[PDB]
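S.K.: Quick one: the structure is below, questions incoming.
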Amino acid sequence: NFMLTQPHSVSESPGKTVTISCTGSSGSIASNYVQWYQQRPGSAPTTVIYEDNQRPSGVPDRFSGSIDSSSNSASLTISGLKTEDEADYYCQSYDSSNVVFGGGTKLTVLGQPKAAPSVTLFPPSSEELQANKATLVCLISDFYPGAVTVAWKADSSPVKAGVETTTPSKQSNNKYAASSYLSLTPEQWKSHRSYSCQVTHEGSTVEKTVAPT
Amino acid sequence: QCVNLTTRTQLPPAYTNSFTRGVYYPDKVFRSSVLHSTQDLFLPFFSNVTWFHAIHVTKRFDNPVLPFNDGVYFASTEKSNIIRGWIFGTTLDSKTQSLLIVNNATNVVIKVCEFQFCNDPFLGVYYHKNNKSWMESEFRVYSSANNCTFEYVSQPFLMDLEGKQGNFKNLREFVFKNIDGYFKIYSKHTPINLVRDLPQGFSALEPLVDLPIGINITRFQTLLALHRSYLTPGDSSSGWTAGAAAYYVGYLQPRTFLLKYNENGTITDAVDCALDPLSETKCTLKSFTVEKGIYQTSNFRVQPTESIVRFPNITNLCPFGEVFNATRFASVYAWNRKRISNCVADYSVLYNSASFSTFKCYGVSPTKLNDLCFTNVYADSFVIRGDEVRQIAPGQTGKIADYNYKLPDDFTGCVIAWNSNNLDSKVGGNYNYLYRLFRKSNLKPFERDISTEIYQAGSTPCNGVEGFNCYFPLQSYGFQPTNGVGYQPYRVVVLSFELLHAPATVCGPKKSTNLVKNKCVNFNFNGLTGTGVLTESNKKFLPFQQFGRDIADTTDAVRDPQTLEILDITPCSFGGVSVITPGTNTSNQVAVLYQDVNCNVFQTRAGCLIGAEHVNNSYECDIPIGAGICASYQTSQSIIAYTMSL
Amino acid sequence: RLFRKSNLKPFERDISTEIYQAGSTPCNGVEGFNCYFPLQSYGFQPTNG
Amino acid sequence: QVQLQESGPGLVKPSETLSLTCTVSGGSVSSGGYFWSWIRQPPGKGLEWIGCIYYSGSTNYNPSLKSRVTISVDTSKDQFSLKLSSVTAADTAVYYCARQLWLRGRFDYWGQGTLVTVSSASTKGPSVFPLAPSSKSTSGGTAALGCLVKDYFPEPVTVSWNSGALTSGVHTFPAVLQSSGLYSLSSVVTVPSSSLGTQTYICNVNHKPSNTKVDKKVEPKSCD
Ligand SMILES: *[C@@H]1O[C@H](CO)[C@@H](O)[C@H](O)[C@H]1NC(C)=O
Ligand SMILES: *[C@@H]1O[C@H](CO)[C@@H](O)[C@H](O)[C@H]1NC(C)=O
Ligand SMILES: *[C@@H]1O[C@H](CO)[C@@H](O)[C@H](O)[C@H]1NC(C)=O
Ligand SMILES: *[C@@H]1O[C@H](CO)[C@@H](O)[C@H](O)[C@H]1NC(C)=O
Ligand SMILES: *[C@@H]1O[C@H](CO)[C@@H](O)[C@H](O)[C@H]1NC(C)=O
Ligand SMILES: *[C@@H]1O[C@H](CO)[C@@H](O)[C@H](O)[C@H]1NC(C)=O
Ligand SMILES: *[C@@H]1O[C@H](CO)[C@@H](O)[C@H](O)[C@H]1NC(C)=O
Ligand SMILES: *[C@@H]1O[C@H](CO)[C@@H](O)[C@H](O)[C@H]1NC(C)=O
Ligand SMILES: *[C@@H]1O[C@H](CO)[C@@H](O)[C@H](O)[C@H]1NC(C)=O
């Protein structure tokens, strides 16, 4: 039942010093060795420090770990933050024949300015209607911050069934991109006069509409 | 001040070949009609030397910060006096004593100060409109200096500032050396009519000025001067002209050189000893004329490239486990002390148990403590509760560590503990173990306290009774098999190490390594460090011996302790080298002969002969070799080897 | 200077202020464990012997 | 030095048997008694320890994963494999075969992480539909057009425009779960409205696991 308690998010400006904790619940931290791991997003983890006071050959000397067994919290003091340090941090223990890892620390700085959410719409294609299917695609691109809310509208009435949307994703020009799809039957596409997708971003609303033509 | 350049298309550097260049006077004495050898820093003959271009027609301008080795060779086929001077230093940031040997049109200044050197210092020449003469105006080589002691001004030298694109007319060579802090400059001007591919002529170099600074230099960089005519816009960004120049940079190496002197006292020719086998024969005989015959110059030694050590077949262990598996243990006021001596120890079995709850082992990395060894290993075993296992660490304060077993700062020990509640505790109250709680003062580390005297609290003695201000320091435990996890009986063993002048008795040796045979390798089989091959012998050793000698009393037979095979020992370096010379005014090529080394190339009875072809025809010989085989120069024509006709 | 890594050649001056390492654990140049500053001050006094 | 490479399929159906094999090149499994272990990591979650093994029969498992992990070592092929039973949809994690020496220490070398996603239904081909631009699909001097990749399984799909000729303005969006199992996404490019009726735009949707390549032309909408 021994676990390692680790803060989820830790945010300080570059150039300063930080402290990352790793608290054990039942077993004392001084009982077993603690290993810290620095893992790039979408890459294999790499051991950043081990044996609680000394450093592997290859990492900078700024990564320092300390142990205070009174509070049962394994500490990793990191100073002089840079761009390449932006990753996850996991602490390891052993307990008794059962390796236990930590929760994970997101090392974040705290650059893209506010951008207008350009929105375009498309009606379902004719070949999709020939396949007894219909789908409306709502697209949100070149926007910041990445907090957008989508809400389909069947004429005046709204739509929630068949609505799927994508989380905002970073573009090449530092802006964000998003999508929204509405699965639909061909008969319901011609049932109403027009379908519209409304995008709300920072209070402002951008609305476009499509019609069966 | 300085400005920065813009990115443009350059040309990659080229490599040319030297031809009897880089020879200077190594000393300030006079020698007449003698052939003497000196060991100094010279440029090797026919060596690969760098080439940097400076022509405009394009836009070639390279100024790399070349590293300053032990002596450099700077040769320039100067025509229109493009290059001005040179700079020296280590970091060039006004932190170390830098150098500036720069030559202007009026006087030569040698200022050894801490100049602020920019990325690319240069000299700017601007063409006046009313005056039809080139003059230097853009003096951008440094910003300022801070502090220095040395400043020397040499003799004045007239200079021409007009640059052309014609063929070169003069050749200037410079050699800069730094021995024990003293700066050396050697130079001589030699006219020539050539563009590239320097001539094979010989010209010595004489020193002009001797510079006693007293520092060390690791980097250097040369300076060039460009022209600002009416064709260029005049900005140092993309439009400039540099005329036509070419300077060669070469590094000096320490080799023995044979110097020739005439009756006038000047150097006429130089012979190296490590360039050609023929040149080696010339400098060992101390003469420029070699006659037909055999000659011995040096020796051939086959240096081994790998070393293999293996004392045991595998790592082993001696009888143990009573300090771990036992009926009962001792307390903390009087703990068991164990000494390990004359025992080989394996710590891999002590870790693969997969049953210990805790393991703290500081000082030495746990993954690499098997290969490194110490003199004595001390084992201290005692029992402790589950909540006091955190106290056992260097730099802790409490009630158990400071009174029973203090941990010093320089603690390279190894602490192992495990849960043994099923054996160290029993129902009804297991109070067989004791501990100390009260003490008058602190105790030294690695000290045992067995005193049972009653600790006095007040100022009134009690004469060993149980009354007021007098409490008995030793108290019982509270062990119980029905407790939780923070108060279980944990058996703690401390494995400390000693550092003192003694051979490592307790050690895990180099175990099994890769076995290599039939090659000249180095081995250490518990009694010797011999370099030689290991052949498969056919003689069986008695099953109580390790080594083996011969009639000449040399250890040429050893037994491998891995699986008891007998391997012979034979040295790989036999004899020396020899060179066959046809003689003067007959040939130039030579043949290299090895005395007792086993291998164009002909395997003769007297070793290996290379550089001479073997012919089955037999004639009378003139140059003896050995074993009824000679060498001669016959029919173009080359050196042949054949059996001597009786 | 009291402590040094190894022997030094004669007629050589050493002005290195780097913190000596006695073990195998770096210290980042602090007053921590298993390391110490090699240069030490004197104990001169006009009332000495 | 040494390196570890994982193999085996990246898909597994629910309530089935997982078969992931990690191979070792540049070293020996039995030599040095070098232990071996497996570690998985869910996307957006912390690392989870599965189990560790020796080159002999010694092994240990996470009690949360106890009686479900079967790991075996074969010395002749110089590799070790793990078998997982009763896999569920919560087991979607990036699996790393973990090179490690000290059992209480560190994983000094980490193999590359293979993506394991629980396979639903079966692998099926994509349904590519064009996104016809119109007057209401443009805002200003620029217009948008694309293709819809809907009802495909499994990941991933590579969409290229004009065989990779058009890269500027091309946005690829991550897939999302549909209402019933399947996945859907799109890829669009922003072009000036003047080149609508004069330039032909084709999208190349490739689905390697289903072995389906679909080329779909994008044209302005024809009102009927
Ligand atoms: C000098 O070195 C270059 C490459 O490093 C090579 O191409 C050239 O042949 C060498 N010249 C001589 C004379 O060895
Ligand atoms: C350049 O020549 C002038 C002549 O007046 C002299 O004063 C000056 O020192 C020279 N500069 C250098 C760097 O030698
Ligand atoms: C003076 O120059 C010497 C080097 O010759 C240097 O060591 C010293 O620091 C300098 N003094 C000042 C005040 O810059
Ligand atoms: C070489 O120069 C550096 C920098 O001034 C100095 O620290 C070092 O002692 C010098 N070495 C010798 C052998 O003089
Ligand atoms: C060099 O020696 C020759 C004699 O062989 C002599 O005639 C000549 O003058 C000498 N050179 C000089 C510069 O004295
Ligand atoms: C050393 O160990 C090897 C392998 O265990 C064995 O084959 C050999 O006979 C041993 N040599 C001895 C015990 O002298
Ligand atoms: C000694 O005790 C340990 C721990 O209880 C156990 O694993 C081991 O089998 C016992 N015997 C020996 C010979 O080590
Ligand atoms: C010399 O070495 C070669 C190959 O190593 C071998 O074939 C030959 O027999 C050797 N010569 C003698 C005389 O043993
Ligand atoms: C010399 O002649 C003999 C005659 O049989 C032949 O075997 C041998 O190869 C010849 N030698 C050469 C070097 O051609």
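Naming works like this for the structure tokens: A, B, ... for the chains as they're shown, residue 1 at the start of each chain, ligands 1 onward in shown order.
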Counting only C-alpha atoms, which residues from chain D have an atom at most 9 Å from any atom of chain A, and could you show them as a tab-separated table (two decimals) with C-alpha atoms, in the first residue's frame?

M.R.:
chain	number	residue	atom	x	y	z
D	45	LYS	CA	-0.59	9.37	-16.82
D	46	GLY	CA	2.40	8.27	-14.78
D	47	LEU	CA	4.63	5.26	-15.31
D	48	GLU	CA	3.32	1.92	-14.04
D	49	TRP	CA	5.50	-1.05	-13.10
D	50	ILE	CA	4.29	-4.38	-14.49
D	51	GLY	CA	6.91	-6.90	-13.40
D	52	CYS	CA	10.56	-7.88	-13.39
D	60	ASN	CA	7.80	-10.82	-9.39
D	61	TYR	CA	4.59	-9.01	-10.31
D	62	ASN	CA	2.61	-5.94	-9.29
D	63	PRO	CA	-0.24	-7.04	-6.96
D	96	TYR	CA	8.51	-0.03	-22.58
D	103	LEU	CA	16.46	-4.24	-8.65
D	104	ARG	CA	16.16	-1.34	-6.20
D	105	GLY	CA	17.91	1.03	-8.60
D	106	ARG	CA	17.27	2.44	-12.04
D	107	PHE	CA	16.30	1.65	-15.63
D	108	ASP	CA	19.52	2.90	-17.22
D	109	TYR	CA	18.51	2.13	-20.82
D	110	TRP	CA	14.92	2.49	-22.02
D	111	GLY	CA	13.67	0.89	-25.20
D	112	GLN	CA	11.45	2.83	-27.56
D	113	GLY	CA	7.81	2.78	-26.55
D	127	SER	CA	-14.60	6.41	-45.95
D	128	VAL	CA	-13.19	9.53	-47.62
D	129	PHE	CA	-15.61	12.34	-48.47
D	130	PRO	CA	-14.76	15.66	-50.14
D	131	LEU	CA	-15.40	19.04	-48.51
D	132	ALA	CA	-16.66	21.20	-51.37
D	133	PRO	CA	-15.90	24.92	-50.88
D	134	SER	CA	-18.59	27.50	-51.59
D	136	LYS	CA	-20.22	30.59	-47.39
D	137	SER	CA	-17.03	28.55	-46.85
D	138	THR	CA	-14.71	31.54	-47.41
D	139	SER	CA	-14.05	34.59	-45.21
D	143	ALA	CA	-10.95	29.97	-49.05
D	144	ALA	CA	-10.84	26.58	-47.34
D	145	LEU	CA	-11.23	23.06	-48.71
D	148	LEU	CA	-13.25	14.07	-44.46
D	150	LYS	CA	-14.64	9.08	-41.34
D	169	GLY	CA	-1.72	25.87	-44.86
D	171	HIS	CA	-3.66	21.24	-41.01
D	172	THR	CA	-3.87	17.65	-39.75
D	173	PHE	CA	-6.22	17.09	-36.83
D	174	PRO	CA	-6.07	14.35	-34.18
D	175	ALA	CA	-8.64	11.58	-34.25
D	176	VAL	CA	-11.54	11.38	-31.79
D	177	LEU	CA	-13.83	8.58	-30.68
D	178	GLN	CA	-17.18	8.40	-32.47
D	179	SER	CA	-20.46	7.51	-30.76
D	184	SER	CA	-13.07	10.34	-37.60
D	185	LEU	CA	-10.85	13.29	-38.56
D	186	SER	CA	-10.17	15.65	-41.47
D	221	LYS	CA	-19.96	22.69	-54.82
D	222	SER	CA	-22.33	22.27	-57.77
D	223	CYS	CA	-25.83	23.43	-56.86
D	224	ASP	CA	-28.58	21.04	-57.94

S.K.: Would you kindly return, as JSON, numbers by chain, each protein, DNA or RNA residue with an atom no farther than 7 Å from any atom of residue 73 (chain A), considering only C-alpha atoms and excluding same-chain residues fewer than 6 positions away?

M.R.: {"A": [21, 22, 23, 24, 29]}

S.K.: Please write the residues from the selection above to a file, keeping N, CA and C atoms, as a PDB file, in the first residue's frame.

M.R.:
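Saved to selection_11.pdb:
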ATOM      1  N   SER A  21       8.828  17.580  -4.801  1.00  0.00           N
ATOM      2  CA  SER A  21       8.689  16.656  -3.687  1.00  0.00           C
ATOM      3  C   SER A  21       8.208  15.289  -4.165  1.00  0.00           C
ATOM      4  N   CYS A  22       8.489  14.274  -3.347  1.00  0.00           N
ATOM      5  CA  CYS A  22       8.022  12.911  -3.602  1.00  0.00           C
ATOM      6  C   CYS A  22       7.782  12.263  -2.241  1.00  0.00           C
ATOM      7  N   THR A  23       6.530  12.283  -1.791  1.00  0.00           N
ATOM      8  CA  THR A  23       6.174  11.895  -0.433  1.00  0.00           C
ATOM      9  C   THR A  23       5.714  10.443  -0.395  1.00  0.00           C
ATOM     10  N   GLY A  24       6.299   9.665   0.513  1.00  0.00           N
ATOM     11  CA  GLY A  24       5.868   8.295   0.736  1.00  0.00           C
ATOM     12  C   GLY A  24       4.829   8.225   1.845  1.00  0.00           C
ATOM     13  N   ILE A  29      11.130   7.132   3.265  1.00  0.00           N
ATOM     14  CA  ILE A  29      11.925   7.367   2.064  1.00  0.00           C
ATOM     15  C   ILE A  29      13.364   6.907   2.259  1.00  0.00           C
TER      16      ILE A  29
END

S.K.: Within 12 Å of chain C, which residues belong to chain B? Use only C-alpha atoms and report them as a PyMOL selection string.

M.R.: chain B and resi 180+362-365+394-395+408-412

S.K.: Within 6 Å of chain A, which residues of chain B are there when counting only C-alpha atoms? Please give them as a ChimeraX atom specification.

M.R.: /B:357-359,390

S.K.: Given a cut-off of 10 Å, what residues near ligand 1 show up using only C-alpha atoms and all ligand atoms, put as a ChimeraX atom specification?

M.R.: /B:14-18,46-50

S.K.: With 9 Å as the limit and counting only C-alpha atoms, what residues in chain B lie close to chain D? Please list them as an MDAnalysis selection string.

M.R.: chainID B and resid 351:352 354 359 366:367

S.K.: Taking only C-alpha atoms and all ligand atoms into account, which residues have an atom no farther than 12 Å from ligand 5? I'd like them as an MDAnalysis selection string.

M.R.: chainID B and resid 32:33 261:268

S.K.: Please give me, as a list in words, the residues lying within 9 Å of ligand 2 when counting only C-alpha atoms and all ligand atoms.

M.R.: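 My answer, listing the contacting residues, is residues 100, 101, 102, 103, 104, 105, 106, 107, 108, 109, 110, 136, 139 and 141 of chain B.
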
S.K.: For those residues, write N, CA and C atoms to a file as a tab-separated table (two decimals), in the first residue's frame.

M.R.:
chain	number	residue	atom	x	y	z
B	100	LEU	N	50.64	40.76	-30.21
B	100	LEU	CA	50.30	41.45	-31.45
B	100	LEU	C	51.61	41.83	-32.13
B	101	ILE	N	52.05	41.01	-33.07
B	101	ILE	CA	53.21	41.31	-33.91
B	101	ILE	C	52.67	41.81	-35.25
B	102	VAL	N	52.55	43.13	-35.37
B	102	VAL	CA	51.97	43.76	-36.56
B	102	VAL	C	53.01	44.69	-37.17
B	103	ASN	N	53.08	44.68	-38.50
B	103	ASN	CA	54.08	45.42	-39.26
B	103	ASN	C	53.38	46.49	-40.09
B	104	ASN	N	53.65	47.76	-39.78
B	104	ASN	CA	53.12	48.86	-40.57
B	104	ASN	C	54.18	49.33	-41.55
B	105	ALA	N	53.83	50.35	-42.34
B	105	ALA	CA	54.74	50.85	-43.37
B	105	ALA	C	55.87	51.70	-42.80
B	106	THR	N	55.81	52.07	-41.52
B	106	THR	CA	56.83	52.92	-40.91
B	106	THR	C	57.74	52.17	-39.96
B	107	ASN	N	57.18	51.46	-38.98
B	107	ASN	CA	57.98	50.77	-37.98
B	107	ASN	C	57.28	49.48	-37.58
B	108	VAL	N	58.06	48.57	-37.00
B	108	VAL	CA	57.57	47.28	-36.54
B	108	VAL	C	57.37	47.37	-35.03
B	109	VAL	N	56.14	47.12	-34.58
B	109	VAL	CA	55.79	47.19	-33.17
B	109	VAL	C	55.40	45.79	-32.70
B	110	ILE	N	55.97	45.38	-31.57
B	110	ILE	CA	55.65	44.10	-30.93
B	110	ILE	C	55.11	44.44	-29.55
B	136	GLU	N	46.89	53.33	-45.52
B	136	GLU	CA	46.09	52.57	-44.56
B	136	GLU	C	45.36	53.53	-43.63
B	139	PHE	N	42.06	51.27	-39.23
B	139	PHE	CA	42.88	50.56	-38.24
B	139	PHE	C	41.95	49.93	-37.21
B	141	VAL	N	41.89	46.56	-35.34
B	141	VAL	CA	42.51	45.29	-34.95
B	141	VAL	C	42.18	44.97	-33.49

S.K.: Ligand 6: which residues are within 7 Å, counting only C-alpha atoms and all ligand atoms? Reply as a list in words.

M.R.: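 After applying the 7 Å limit, what remains is residues 313, 314, 561, 562, 563 and 564 of chain B.
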
S.K.: Which chains and residue numbers are within 12 Å of ligand 3, counting only C-alpha atoms and all ligand atoms, if I want them as a ChimeraX atom specification?

M.R.: /B:94-98,112-114,145-151,213-215

S.K.: What is the CA of residue 424 (chain B) to CA of residue 360 (chain B) distance in Å?

M.R.: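 A separation of 22.0 Å between them.
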
S.K.: List the spatial neighbours of residue 20 (chain C) as a VMD selection string - criterion: any atom at most 10 Å away, only C-alpha atoms, same-chain residues fewer than 2 positions off excluded.

M.R.: chain C and resid 3 to 5 16 to 18 22 to 23 26 to 27 29 34 to 39

S.K.: Which protein, DNA or RNA residues have an atom within 8 Å of ligand 9, counting only C-alpha atoms and all ligand atoms, as a PDB file with N, CA and C atoms, in the first residue's frame?

M.R.:
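Output contents, as saved in pocket-v7.pdb:
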ATOM      1  N   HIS B 614      61.992 -11.489 -55.316  1.00  0.00           N
ATOM      2  CA  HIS B 614      62.762 -12.724 -55.280  1.00  0.00           C
ATOM      3  C   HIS B 614      62.809 -13.339 -56.673  1.00  0.00           C
ATOM      4  N   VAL B 615      64.007 -13.721 -57.108  1.00  0.00           N
ATOM      5  CA  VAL B 615      64.219 -14.333 -58.413  1.00  0.00           C
ATOM      6  C   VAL B 615      64.841 -15.709 -58.212  1.00  0.00           C
ATOM      7  N   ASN B 616      64.344 -16.694 -58.965  1.00  0.00           N
ATOM      8  CA  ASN B 616      64.840 -18.059 -58.840  1.00  0.00           C
ATOM      9  C   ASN B 616      66.210 -18.253 -59.479  1.00  0.00           C
ATOM     10  N   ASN B 617      66.628 -17.344 -60.357  1.00  0.00           N
ATOM     11  CA  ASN B 617      67.964 -17.420 -60.931  1.00  0.00           C
ATOM     12  C   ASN B 617      69.012 -17.077 -59.878  1.00  0.00           C
TER      13      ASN B 617
END

S.K.: Take CA of residue 58 (chain B) and CA of residue 159 (chain B) and report the distance between them in Å, one decimal.

M.R.: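 Distance between the two atoms: 26.7 Å.
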
S.K.: Give me the residues within 12 Å of residue 81 (chain B) as a PDB file with C-alpha atoms, in the first residue's frame, counting only C-alpha atoms and dropping any in the same chain fewer than 6 places off.

M.R.:
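Saved file selection01.pdb follows:
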ATOM      1  CA  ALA B  54      43.738  35.069 -50.508  1.00  0.00           C
ATOM      2  CA  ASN B 103      54.084  45.418 -39.264  1.00  0.00           C
ATOM      3  CA  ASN B 104      53.119  48.858 -40.566  1.00  0.00           C
ATOM      4  CA  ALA B 105      54.739  50.852 -43.367  1.00  0.00           C
ATOM      5  CA  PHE B 157      60.879  48.337 -42.635  1.00  0.00           C
ATOM      6  CA  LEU B 158      59.660  50.009 -45.817  1.00  0.00           C
ATOM      7  CA  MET B 159      56.509  48.586 -47.376  1.00  0.00           C
ATOM      8  CA  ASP B 160      54.466  48.902 -50.572  1.00  0.00           C
ATOM      9  CA  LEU B 161      50.707  49.318 -50.129  1.00  0.00           C
ATOM     10  CA  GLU B 162      49.768  48.804 -53.802  1.00  0.00           C
ATOM     11  CA  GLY B 163      48.176  45.437 -54.567  1.00  0.00           C
ATOM     12  CA  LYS B 164      48.257  43.760 -57.976  1.00  0.00           C
ATOM     13  CA  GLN B 165      47.035  40.518 -59.560  1.00  0.00           C
ATOM     14  CA  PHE B 168      54.634  36.490 -57.221  1.00  0.00           C
ATOM     15  CA  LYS B 169      58.258  37.631 -57.035  1.00  0.00           C
ATOM     16  CA  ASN B 170      59.336  36.925 -53.432  1.00  0.00           C
ATOM     17  CA  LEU B 171      58.898  34.184 -50.832  1.00  0.00           C
ATOM     18  CA  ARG B 172      58.840  34.839 -47.078  1.00  0.00           C
ATOM     19  CA  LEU B 223      46.037  39.237 -40.434  1.00  0.00           C
ATOM     20  CA  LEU B 224      45.429  40.387 -44.010  1.00  0.00           C
ATOM     21  CA  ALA B 225      44.943  43.787 -45.642  1.00  0.00           C
ATOM     22  CA  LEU B 226      42.262  44.558 -48.229  1.00  0.00           C
ATOM     23  CA  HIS B 227      41.987  47.502 -50.615  1.00  0.00           C
ATOM     24  CA  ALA B 242      42.454  41.550 -51.573  1.00  0.00           C
ATOM     25  CA  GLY B 243      44.891  41.283 -54.489  1.00  0.00           C
ATOM     26  CA  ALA B 244      46.616  37.912 -54.803  1.00  0.00           C
ATOM     27  CA  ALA B 245      48.375  36.123 -51.949  1.00  0.00           C
ATOM     28  CA  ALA B 246      48.922  32.622 -50.582  1.00  0.00           C
ATOM     29  CA  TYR B 247      50.224  31.693 -47.125  1.00  0.00           C
TER      30      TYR B 247
END

S.K.: Could I get the residue neighbourhood of ligand 8 at 9 Å, counting only C-alpha atoms and all ligand atoms, as a list in words?

M.R.: residues 518, 597, 598, 599, 603, 605 and 607 of chain B

S.K.: Pick out the residues sitting within 8 Å of region 333-338 of chain B, and hand them over as a list in words; count only C-alpha atoms, and ignore anything fewer than 3 positions along from it in its own chain.

M.R.: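 Once the adjacent positions are removed, what remains is residues 329, 330, 378, 379, 380, 381, 382, 404, 434, 435, 436, 448, 449 and 450 of chain B.
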